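Below: one structure, written as structure tokens.
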Amino acid sequence: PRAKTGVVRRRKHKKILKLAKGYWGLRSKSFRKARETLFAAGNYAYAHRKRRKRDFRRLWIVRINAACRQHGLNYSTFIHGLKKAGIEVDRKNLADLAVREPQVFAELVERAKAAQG
Amino acid sequence: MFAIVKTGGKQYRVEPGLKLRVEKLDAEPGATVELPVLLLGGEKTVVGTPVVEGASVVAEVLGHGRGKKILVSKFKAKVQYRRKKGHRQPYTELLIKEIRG
Amino acid sequence: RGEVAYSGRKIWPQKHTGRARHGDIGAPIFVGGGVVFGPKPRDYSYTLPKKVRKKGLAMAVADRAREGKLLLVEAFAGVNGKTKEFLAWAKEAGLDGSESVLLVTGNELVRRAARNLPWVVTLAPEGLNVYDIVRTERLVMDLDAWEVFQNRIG
Amino acid sequence: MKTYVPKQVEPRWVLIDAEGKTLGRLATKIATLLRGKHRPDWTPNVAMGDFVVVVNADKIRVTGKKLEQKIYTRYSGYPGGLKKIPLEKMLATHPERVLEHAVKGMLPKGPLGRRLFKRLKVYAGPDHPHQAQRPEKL
Amino acid sequence: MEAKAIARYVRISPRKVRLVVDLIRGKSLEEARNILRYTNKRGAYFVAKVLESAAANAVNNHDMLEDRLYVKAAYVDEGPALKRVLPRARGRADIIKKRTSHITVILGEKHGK
Amino acid sequence: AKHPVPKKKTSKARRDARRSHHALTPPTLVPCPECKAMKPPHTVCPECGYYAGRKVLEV
RNA sequence: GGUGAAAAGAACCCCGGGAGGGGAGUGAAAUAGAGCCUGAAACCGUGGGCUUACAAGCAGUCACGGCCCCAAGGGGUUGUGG
RNA sequence: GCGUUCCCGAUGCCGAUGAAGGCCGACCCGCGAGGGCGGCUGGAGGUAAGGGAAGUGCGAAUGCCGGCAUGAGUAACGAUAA
Ligand SMILES: [Mg+2]
Ligand SMILES: [Mg+2]
Ligand SMILES: [Mg+2]
Ligand SMILES: [Mg+2]
Ligand SMILES: [Mg+2]
Ligand SMILES: [Mg+2]
Ligand SMILES: [Mg+2]
Ligand SMILES: [Mg+2]
Ligand SMILES: [Mg+2]
Ligand SMILES: [Mg+2]
Ligand SMILES: [Mg+2]
Ligand SMILES: [Mg+2]
Ligand SMILES: [Mg+2]
Ligand SMILES: [Mg+2]
Ligand SMILES: [Mg+2]
Ligand SMILES: [Mg+2]
Ligand SMILES: [Mg+2]
Ligand SMILES: [Mg+2]
Ligand SMILES: [Mg+2]
Ligand SMILES: [Mg+2]
Ligand SMILES: [Mg+2]
Ligand SMILES: [Mg+2]
Ligand SMILES: [Mg+2]
Ligand SMILES: [Mg+2]
Ligand SMILES: [Mg+2]
Ligand SMILES: [Mg+2]
Ligand SMILES: [Mg+2]
Ligand SMILES: [Mg+2]
Ligand SMILES: [Mg+2]
Ligand SMILES: [Mg+2]
Ligand SMILES: [Mg+2]
Ligand SMILES: [Mg+2]
């Protein structure tokens, strides 16, 4: 018996092409330029998923700094103050307190420079 | 009020009545309520009061519909002569409805 | 690529065409071309240990019997090989047709009778074999045959 | 889950006169201001720092020797011309640039950075004929 | 209501006719004819000609009424190329392809308030 | 078939971009005092001819 | 190589020199209309939504924001930042 | 492990209340290869569980056959006897 390609290949191709929808030239039109583009896209996303975790760290840290430097002191001092005070709190993430409810943050600052006074 | 709960190794600002996902909890039934760790006050007329891991007795009560959900992503790794797709990760989620501070 | 109808002339200079290097168009990169590891005529038979054949035939009947599906008949009121007749007979025999039957007898006539029935697989006694035995739900043999069987193995 | 993001904010002008200052130590500040790194709304994709006007360039002090010492290569013409002009000279002739070059230099490279630099207004002061909000920072 | 025409296998090259079809897309039939009338291009002939047929059809088959109608959309599509040999130096032999057009005009009626 | 030769299939985009100037200009046209007609300016045309005009024919 | 069960293969009228098409008519079906079953892809077009003329690129990806079809969410698009 | 062709299973079963194949899908299952389910097309085939056998999976071979692009509305249109 002969088993010719038959359907198979077209289908495996459409699969890839479905994924490549939106890309520029034949990167979205060519059942292989597409596949090339897709490899990269995979790696970039993996790389970038890890990146995201850091991109935000940074926002935050800059968030915090501007805001507590606003009550006169380093992010670094602030953070050490906190550490020294004990405050699993914040999580650089949750100094959005820096923005909504400053009063909270303000107090946190005092606590921070408290354990540094 | 307010409150900064800690769960799933992550912390969130939980409000009078809401939710998002937290990560599979052994709270086997949907029809249940766990209280999670408090961590900073809230500022309203009920307080404004933080503290060293807020182990101040106070809890946040949250009930929760849910099911270890999923989603999508697809984690493809690639080199040169080496490819690996063998990751559709979805990721167990846990939905919730926070009840009171 | 040899079995193929073409010539063997080499199609291009091989060296300054600016096309790919090629021989004759028989070669299987060619379409025109010949098949690569195609099937050839071959003999799929092999000598399965006589003993195993015996064991099997025994094992097979055995099985059918440990189920209560083996029946040794004797009465064949069916004659001249007439389907009507075998039918009626199979009736007050228990064989209603809701079950595929391998009828085994040496009786040329009972063969003819039971033959054309879709739910029956008629067979001489020297024809007894496991495939057929297993194909079918119920097993029915005239002692005539049950002896030759009992004699293919004692 | 959370997030942070700001809704369009009204920009806030600002006036500074580092007439006596070391450019670059000044300029460094002027940048941080340009991108809003001082505000705790800060969002990197969006452009929302003060506007920043500066009267009295000339004036800007500069450390060691930059009498024909600090040389602005800056200009590659096109065919055989790498025009270089010593610091003295800039000040001597359109001196507002000294602080401009400085600030543009410490601004990010993209379209946005390109945009923030526009938000900087430098005049060889005093007098920034140009303000209807000037709020002096120091 | 619209009325359409289509000339199939016209045997001018698309790029070439499209050019004039672009000229009349969305004009009053009046404007359309005028334009084609004095458009210096082989394609003029053809396109105009199928314009006319469209108009006919409209009026005649779809009680549509001349005075009111314009070119709703138009467009040319490639048909199957006629492939001819064209012999070259050092006896090379290229294939020139005389292409072939499928011109389509569809009129609608304009206003009345 | 020889010396200079293009190094890349040119993208649809770039092809089309080149043709941003190829669009046709509609013929320039006018009344004609005698016919309700349309003719190019500065031409006699197949009817109207002219006032003291030469042309097909007129009564 | 292949219309259809059957030529029932489109009378007649309309534009056109014709080709071609529009009606009419046959057909269960005519984007089954005659190199006609199915009719993928490259490729060419028409319409629409988002987008674009101070911008630097393996063309993706990550985050935010805006606009466009359904509503604690999705889909399409892409301005800026990484 | 997945999937392709074929055999047993099959005098069966699914099928015009629509097979195969094609086009969608932001849904369900699977780590994945895939498998489903829904809509449209399509119009006559398909073929479980469990096994058996192979012409069994393509992106590259200046591979092969074919189709269609790019250069491009470009060079050219074959004696300057008009
Ligand atoms: Mg193959
Ligand atoms: Mg290597
Ligand atoms: Mg030979
Ligand atoms: Mg030889
Ligand atoms: Mg070569
Ligand atoms: Mg070559
Ligand atoms: Mg052959
Ligand atoms: Mg063998
Ligand atoms: Mg039978
Ligand atoms: Mg020759
Ligand atoms: Mg060519
Ligand atoms: Mg285009
Ligand atoms: Mg037939
Ligand atoms: Mg169809
Ligand atoms: Mg059909
Ligand atoms: Mg058929
Ligand atoms: Mg067809
Ligand atoms: Mg378009
Ligand atoms: Mg500029
Ligand atoms: Mg712009
Ligand atoms: Mg750009
Ligand atoms: Mg980017
Ligand atoms: Mg076959
Ligand atoms: Mg049925
Ligand atoms: Mg049904
Ligand atoms: Mg099949
Ligand atoms: Mg092979
Ligand atoms: Mg390979
Ligand atoms: Mg080829
Ligand atoms: Mg050229
Ligand atoms: Mg030229
Ligand atoms: Mg020329």
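Ordered as shown in the structure tokens, chains take letters A, B, and onward, while each chain numbers its residues from 1 and ligands are numbered from 1 in the order shown.
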Pull out every residue of chain A sitting within 8 Å of chain D, counting only C-alpha atoms, and send them as a list in words.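 Every residue of chain A that passes the 8 Å test is in residues 59, 62, 63, 64, 65, 66, 67, 96, 98 and 99 of chain A.
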So that I can check the surroundings of residue 97 of chain D, please list as an mmCIF file with N, CA, C and O atoms, in the first residue's frame every protein, DNA and RNA residue that reaches within 10 Å of it, counting only C-alpha atoms (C1' of nucleotides) and ignoring chain neighbours fewer than 4 positions away.
data_model
loop_
_atom_site.group_PDB
_atom_site.id
_atom_site.type_symbol
_atom_site.label_atom_id
_atom_site.label_comp_id
_atom_site.auth_asym_id
_atom_site.auth_seq_id
_atom_site.Cartn_x
_atom_site.Cartn_y
_atom_site.Cartn_z
ATOM 1 N N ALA D 57 21.536 81.355 30.867
ATOM 2 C CA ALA D 57 22.610 80.427 30.606
ATOM 3 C C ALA D 57 23.787 81.344 30.724
ATOM 4 O O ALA D 57 24.040 81.839 31.815
ATOM 5 N N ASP D 58 24.441 81.657 29.602
ATOM 6 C CA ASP D 58 25.756 82.287 29.660
ATOM 7 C C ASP D 58 26.295 81.817 30.991
ATOM 8 O O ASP D 58 26.392 80.623 31.230
ATOM 9 N N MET D 90 30.925 78.863 21.802
ATOM 10 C CA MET D 90 29.476 78.679 21.927
ATOM 11 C C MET D 90 28.879 79.806 22.749
ATOM 12 O O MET D 90 27.945 80.475 22.333
ATOM 13 N N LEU D 91 29.421 79.983 23.949
ATOM 14 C CA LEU D 91 28.929 80.978 24.880
ATOM 15 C C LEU D 91 29.026 82.325 24.202
ATOM 16 O O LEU D 91 28.073 83.105 24.193
ATOM 17 N N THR D 93 28.904 82.955 21.236
ATOM 18 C CA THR D 93 27.965 83.056 20.140
ATOM 19 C C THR D 93 26.917 81.957 20.247
ATOM 20 O O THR D 93 27.250 80.782 20.235
ATOM 21 N N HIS D 101 22.801 71.213 24.539
ATOM 22 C CA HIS D 101 23.616 70.032 24.296
ATOM 23 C C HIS D 101 23.665 69.224 25.566
ATOM 24 O O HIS D 101 23.294 68.061 25.590
ATOM 25 N N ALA D 102 24.099 69.849 26.644
ATOM 26 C CA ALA D 102 24.124 69.155 27.923
ATOM 27 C C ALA D 102 22.835 68.340 28.216
ATOM 28 O O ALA D 102 22.893 67.140 28.501
ATOM 29 N N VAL D 103 21.675 68.982 28.135
ATOM 30 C CA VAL D 103 20.461 68.322 28.552
ATOM 31 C C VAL D 103 20.096 67.262 27.529
ATOM 32 O O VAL D 103 19.784 66.125 27.888
ATOM 33 N N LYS D 104 20.161 67.605 26.249
ATOM 34 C CA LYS D 104 19.751 66.644 25.241
ATOM 35 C C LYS D 104 20.575 65.394 25.447
ATOM 36 O O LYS D 104 20.102 64.274 25.336
ATOM 37 N N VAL D 122 15.305 77.128 27.133
ATOM 38 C CA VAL D 122 16.511 77.795 27.617
ATOM 39 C C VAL D 122 16.735 79.173 27.012
ATOM 40 O O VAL D 122 16.813 79.339 25.802
ATOM 41 N N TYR D 123 16.892 80.168 27.858
ATOM 42 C CA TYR D 123 17.183 81.477 27.346
ATOM 43 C C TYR D 123 18.399 82.003 28.052
ATOM 44 O O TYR D 123 18.572 81.741 29.230
ATOM 45 N N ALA D 124 19.251 82.731 27.337
ATOM 46 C CA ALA D 124 20.351 83.447 27.976
ATOM 47 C C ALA D 124 19.767 84.635 28.760
ATOM 48 O O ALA D 124 19.641 85.755 28.263
#
Using only C-alpha atoms and all ligand atoms, I'd like a table of the residues in chain A that come within 12 Å of ligand 27; for each, show the closest atom pair and its distance in Å rounded to one decimal, ordered by chain and ascending number, as a Markdown table.
| residue | atom | partner | partner_atom_place_in_ligand_line | distance |
| --- | --- | --- | --- | --- |
| A:1 | CA | ligand 27 | 1 (Mg) | 12.0 |
| A:2 | CA | ligand 27 | 1 (Mg) | 9.4 |
| A:3 | CA | ligand 27 | 1 (Mg) | 9.0 |
| A:4 | CA | ligand 27 | 1 (Mg) | 8.9 |
| A:5 | CA | ligand 27 | 1 (Mg) | 10.0 |
Residues up to 10 Å from ligand 20, counting only C-alpha atoms (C1' of nucleotides) and all ligand atoms: could you list those as a PyMOL selection string? (chain D and resi 111) or (chain G and resi 52-55+79)
Go ahead and save the residues from that selection, with N, CA, C and O atoms (P, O5', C5', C4', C3', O3' and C1' of nucleotides), as a PDB file, in the first residue's frame.
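This went into again20.pdb:
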ATOM      1  N   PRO D 111      11.957  58.602  20.090  1.00  0.00           N
ATOM      2  CA  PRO D 111      10.973  59.642  19.752  1.00  0.00           C
ATOM      3  C   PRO D 111      10.555  60.418  20.980  1.00  0.00           C
ATOM      4  O   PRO D 111      10.553  61.622  20.965  1.00  0.00           O
TER       5      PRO D 111
ATOM      6  P     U G  52      -1.563  56.674  13.263  1.00  0.00           P
ATOM      7  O5'   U G  52      -0.408  56.927  12.219  1.00  0.00           O
ATOM      8  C5'   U G  52       0.838  56.264  12.328  1.00  0.00           C
ATOM      9  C4'   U G  52       1.543  56.206  10.992  1.00  0.00           C
ATOM     10  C3'   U G  52       1.611  57.498  10.224  1.00  0.00           C
ATOM     11  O3'   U G  52       2.668  58.303  10.642  1.00  0.00           O
ATOM     12  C1'   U G  52       0.920  55.782   8.793  1.00  0.00           C
ATOM     13  P     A G  53       2.470  59.879  10.685  1.00  0.00           P
ATOM     14  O5'   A G  53       3.245  60.347   9.393  1.00  0.00           O
ATOM     15  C5'   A G  53       4.582  59.953   9.176  1.00  0.00           C
ATOM     16  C4'   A G  53       5.163  60.651   7.994  1.00  0.00           C
ATOM     17  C3'   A G  53       5.178  62.155   8.070  1.00  0.00           C
ATOM     18  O3'   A G  53       6.274  62.646   8.811  1.00  0.00           O
ATOM     19  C1'   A G  53       4.454  61.433   5.924  1.00  0.00           C
ATOM     20  P     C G  54       6.058  63.213  10.285  1.00  0.00           P
ATOM     21  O5'   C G  54       7.550  63.339  10.844  1.00  0.00           O
ATOM     22  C5'   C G  54       8.406  62.197  10.935  1.00  0.00           C
ATOM     23  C4'   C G  54       9.446  62.326  12.035  1.00  0.00           C
ATOM     24  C3'   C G  54       8.971  62.963  13.341  1.00  0.00           C
ATOM     25  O3'   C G  54       9.635  62.333  14.428  1.00  0.00           O
ATOM     26  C1'   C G  54      10.849  64.097  12.584  1.00  0.00           C
ATOM     27  P     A G  55       9.037  61.023  15.109  1.00  0.00           P
ATOM     28  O5'   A G  55       9.840  59.853  14.402  1.00  0.00           O
ATOM     29  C5'   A G  55       9.187  58.656  14.026  1.00  0.00           C
ATOM     30  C4'   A G  55       9.988  57.868  13.017  1.00  0.00           C
ATOM     31  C3'   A G  55      11.363  57.445  13.460  1.00  0.00           C
ATOM     32  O3'   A G  55      11.354  56.316  14.304  1.00  0.00           O
ATOM     33  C1'   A G  55      11.586  58.467  11.424  1.00  0.00           C
ATOM     34  P     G G  79       2.057  52.641  14.699  1.00  0.00           P
ATOM     35  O5'   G G  79       2.280  53.751  15.813  1.00  0.00           O
ATOM     36  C5'   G G  79       1.709  55.039  15.687  1.00  0.00           C
ATOM     37  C4'   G G  79       1.710  55.758  17.004  1.00  0.00           C
ATOM     38  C3'   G G  79       2.946  55.553  17.853  1.00  0.00           C
ATOM     39  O3'   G G  79       3.976  56.455  17.528  1.00  0.00           O
ATOM     40  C1'   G G  79       1.046  55.105  19.145  1.00  0.00           C
TER      41        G G  79
END
Return the single residue from D:55, D:138, D:46, D:62 that is closest to chain G, with distances computed using only C-alpha atoms (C1' of nucleotides).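 Closest candidate: D:46.
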For the contact check between chain B and chain D, emit one row per residue of chain B within 8 Å, containing the shortest atom pair and the distance in Å rounded to one decimal, counting only C-alpha atoms, chain then rising number order, as a Markdown table.
| residue | atom | partner | partner_atom | distance |
| --- | --- | --- | --- | --- |
| B:12 | CA | D:1 | CA | 6.8 |
| B:20 | CA | D:1 | CA | 6.5 |
| B:21 | CA | D:1 | CA | 7.8 |
Kindly work out which residues sit at most 10 Å from ligand 32, using only C-alpha atoms (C1' of nucleotides) and all ligand atoms, and give the list as a PyMOL selection string. chain H and resi 74-77
